Amino acid sequence: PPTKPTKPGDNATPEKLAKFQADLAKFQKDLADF
């Protein structure tokens, strides 16, 4: 099962938050396979 990361709290800084959304795109892509 595709394990997703948790919602950024203090690490929700704009630049890293964007990376997070990008990594979630990979998760959502793989989730579609699951």
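Rules and cut-offs
Residues numbered from 1 in each chain as written, not as in the entry; some residues may be left out. Heavy atoms only, no water. Helix = DSSP H or I, 4+ residues; strand = E, 2+ residues; numbered from the N terminus. Buried < 20%, exposed > 50% of the residue type's maximum accessible area, 1.4 Å probe, protein only. Areas by Shrake-Rupley, 256 points an atom, 1.4 Å probe, with all protein chains shown as cover. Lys, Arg positive; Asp, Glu negative; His and termini not counted. Charge placed at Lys NZ, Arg CZ, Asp CG, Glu CD. Contact = heavy atoms within 4.5 Å.

- Per the deposited record, the coordinates in this entry were obtained by solution NMR.

### So, the overall build of the chain
Inference 1: Within the chain, the secondary structure is distributed over one helix and zero strands.
Inference 2: Seen along its three principal axes, the alpha-carbon backbone of the chain occupies a region of about 30 × 15 × 5 Å.
Inference 3: Per-residue burial for the chain yields a buried fraction of 12% across its 34 residues.
Inference 4: Of the roughly 3100 Å² that the chain leaves accessible, carbon and sulfur atoms contribute 56%.
Inference 5: Taking the average location of the 6 positive side-chain charges in the chain and that of its 5 negative ones, the two points are 1 Å from each other.

### Focus on the environment of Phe34
Inference 1: Among the secondary structure elements, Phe34 is positioned in the segment after helix 1 (14–33).
Inference 2: Separated by 19 residues in the primary sequence, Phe34 and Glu15 place their C-alpha atoms 29 Å from one another.
Inference 3: Ignoring any residue separated from it by four or fewer positions in sequence, one finds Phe34 in contact with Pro1 and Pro2.

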